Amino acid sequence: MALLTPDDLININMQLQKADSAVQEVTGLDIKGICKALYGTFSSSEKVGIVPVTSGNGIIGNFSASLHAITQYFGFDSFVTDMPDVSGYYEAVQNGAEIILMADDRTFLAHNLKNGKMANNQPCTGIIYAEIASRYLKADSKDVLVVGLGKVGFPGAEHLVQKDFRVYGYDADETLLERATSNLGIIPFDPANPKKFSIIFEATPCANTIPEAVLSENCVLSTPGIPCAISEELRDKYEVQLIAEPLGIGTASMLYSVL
């Protein structure tokens, strides 16, 4: 399974700053503006309780600290509980948390206790990175390539289909590809018969998944995938506009979706 390491989260404030500038360049909107477009919501210092969780692989170094910073960055009044797990959840609620933010190895959720809304990181991440890609100001095309049609990728593709884009899809697992084509109506992408895209969305845990043949100059590559979907070489060569950030954008999508 594809879990963060502590090194992925180093200087999360800078990673967020850089991602937010890239998002502004690409779409004319900052991350808050994207979330406002997606969900119509804005932050008003809602209290967010962040609960460390020890199950499975356990507490990931820098994870709760990064969420603490991300939440503050978007204007939430956040805190991290002293205790983990159920004791931590009790602490969070007792200290007045309106939104609970917590994750085990399989599920990262946000639960707004005031209105009952609950978000899962996987669809929220897919949706927001697909939204960003979709809003590329200089795209001059409704064609989009989605690489990776799993838990993050499938909802991203679904979002793009709802937005009336012409969605091409590829997954290395043939069964996943088939699932997407027959449930979403996407066009299966044929790697042996590529075409160029100005808009690309990638959601795999693998490097170098985007072939050169698919790139156009200045195309947007919006990717929650870790590590990076393209080499530095190809990024520089085609002046690719990369939106890639390990936790904060997806977390913002969760939070603004439950407001």
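Under this definition, the rigid core comprises the largest set of C-alpha atoms superposing within 1.5 Å between the forms. Throughout, we count residues from 1 along the sequence that is shown.
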Item to check | Rigid core superposition result in 9 other deposited structures of this protein, more deviant of 7-15, 246-254 by Cα | outcome: 7-15
Next on the checklist: One third of the other compared structures is the cut-off here: is residue 56 left unmodelled in that many or more?
Outcome noted: yes
Item to check | Average Cα temperature factor in the PDB entry - higher stretch of 235-243, 11-19 | outcome: 235-243
Checklist outcome for this item: Entry B factor averaged over C-alpha atoms, 53-61 against 213-221: higher for 213-221
Checklist outcome for this item: The residue of 203, 192, 69, 35 with the maximal C-alpha B-factor according to the PDB record is 192
Next on the checklist: Take the CA temperature factors straight from the PDB entry and tell me which of 145, 113, 176, 110 peaks.
Outcome noted: 176
Checklist outcome for this item: By the entry's values, the third containing the CA B factor of residue 39 is the lowest
Checklist entry - residue 207: which third of its chain by C-alpha temperature factor? => result highest
Item to check | Record-listed C-alpha B factor of residue 153: chain third | outcome: lowest
Next on the checklist: Based on the deposited C-alpha B factors for this chain, I'd like to know if residue 259 is in the lowest, middle or highest third.
Outcome noted: middle
Next on the checklist: Lowest, middle or highest third: which one holds residue 76 when the chain's residues are ordered by CA B-factor from the entry?
Outcome noted: middle
